[PDB]
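Below sits a lone chain in structure tokens, taken as the form solved without kanamycin A.
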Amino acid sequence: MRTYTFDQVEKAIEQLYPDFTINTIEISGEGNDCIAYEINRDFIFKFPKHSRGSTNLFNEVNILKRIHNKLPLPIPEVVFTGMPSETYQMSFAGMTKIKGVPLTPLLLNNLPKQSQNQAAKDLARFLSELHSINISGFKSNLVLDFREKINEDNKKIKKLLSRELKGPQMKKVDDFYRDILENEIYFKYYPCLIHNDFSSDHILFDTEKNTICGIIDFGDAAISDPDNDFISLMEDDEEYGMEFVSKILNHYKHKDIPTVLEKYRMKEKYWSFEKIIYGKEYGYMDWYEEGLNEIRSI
């Protein structure tokens, strides 16, 4: 992985945008893909930590542009883009800064019922438009067919762990993957554009108006199961819980809440395997060891 100096961030922008004067530059945060710089308190520029990170950023840019102005909550607008090299699909992208603070579970529970209800409706209306976006232009690099993902993960687990597990333990991996595969409820969705990292850290809130003012981080958006954007909100400790998320489901007019719960339980167990794969794909060796240890003693 790579980090950046303030000097580098500014030379990279100066090369392609020589008339853009940078007065203030600060780290605003960090994901798995990119380090984020706040520029002139007006822009957030993402710089890729690695090539995989690049690819997501290139994806994020193309998605931001395709969905510009079609959705009922503010989203970053792409203003500045970098260049491809032998290492990055995109050296950086600068987007408009959306002001506000993450809508943490804590922050949401403290609001009056009226603003809570309103945040539940604003989220439903947001997803409902997001999931309605025409997919016809999105190529396979943005399509994430879940059956293929589960089959592809299975092969990665096996390539990665074949020398790391015993007999009975790989058998349990097999049994788990065979049961997932058997269950038709995971694969029979109408594919569509999903945020795919749809959690409280990516929901920005205006505490002066008590209203959600932005959705951010589109680096994982893909064409996949719209239930993914409800289940990423349901996680009980880190996220909103089922009361609040059921309000989103009902404002969204979701027809099959029980299926949503079922997908959530599956994804809860699946996390261990995700941790191994993400482990080696994004560099995180702590994730890898935790997931391994969990499969070892599940």
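Residue positions are given as counts along the sequence shown, with the first one as 1.
The form deposited with kanamycin A bound is left out here; the points below concern that form.
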Review point. For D153, is any heavy atom within 4.5 Å of kanamycin A in the bound PDB entry, or not?
Key: no
Residue-level contact is defined here as any heavy atom of the residue lying within 4.5 Å of kanamycin A in the bound PDB entry; does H131 satisfy this criterion? no
In the bound PDB entry, does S199 come within 4.5 Å of kanamycin A, counting heavy atoms only?
yes
*asked:* Taking any heavy atom pair closer than or equal to 4.5 Å as contact, tell me whether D122 reaches kanamycin A in the bound PDB entry.
replied: no
| said: Within 4.5 Å of kanamycin A in the bound PDB entry - does that hold for a heavy atom of every one of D220, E238 and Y278? | reply: yes
Within 4.5 Å of kanamycin A in the bound PDB entry, heavy atom basis, the matching stretch of 104 to 112, 191 to 199, 154 to 162, 83 to 91 is 191 to 199
